[PDB]
Amino acid sequence: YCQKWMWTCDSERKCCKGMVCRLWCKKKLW
């Protein structure tokens, strides 16, 4: 699974595209 908006990511766990990978998955505003 890709990490959803209410999820978080890691070096392995990636957030779903459209969001940015960070401590938590954050929507790409920029």
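Residues numbered from 1 in each chain as written, not as in the entry; some residues may be left out. Heavy atoms only, no water.

Judging from the entry metadata, solution NMR is the method by which this structure was determined.

**Here's the deal with the state of the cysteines**
What counts here: When the sulfur atoms of two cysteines come within 2.5 Å, that pair is taken as a disulfide. Secondary structure elements follow DSSP: runs of H or I no shorter than four residues count as helices, runs of E no shorter than two count as strands, and numbering proceeds from the N terminus.
Following the criterion strictly, the structure yields three disulfides and no others. Residue pairing for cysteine 9: its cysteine sulfur links by disulfide to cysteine 21, the two sulfurs lying 2.0 Å apart. Judged by the torsion about the S-S bond (125°), the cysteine 9/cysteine 21 disulfide is right-handed. Residue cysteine 9 is found in the segment before strand 1 (19-20), and its partner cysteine 21 is found in the loop between strand 1 and strand 2 (26-27); the two are separated by 12 residues along the sequence.

**Re the UniProt feature "disulfide bond" in the chain**
The cut-off we apply is this: UniProt positions are given in the numbering used here, feature names are shortened, and annotations may be inferred rather than shown by experiment. Burial here depends on accessible area, computed with a 1.4 Å probe over protein chains only, as a share of the maximum for the residue type. Under 20% is buried, over 50% is exposed, and the range in between is partly exposed.
Only sulfur pairs under 2.5 Å apart are read as disulfides, and the UniProt pair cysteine 9 and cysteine 21, at 2.0 Å, is one of them here. Assessed through its relative accessible area of 9%, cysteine 9 is described here as buried. Of the disulfides listed in UniProt, the one linking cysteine 15 with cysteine 25 is reproduced by the coordinates, which place the two sulfurs 2.0 Å apart. Taken together, the positions of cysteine 15 in the segment before strand 1 and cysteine 25 in the loop between strand 1 and strand 2 put the pair 10 residues apart, joining distant regions of the chain. Using a relative accessible area of 10% as the deciding quantity, one classes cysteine 15 as buried. Note on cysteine 25: relative accessible area 4%, which makes it buried.

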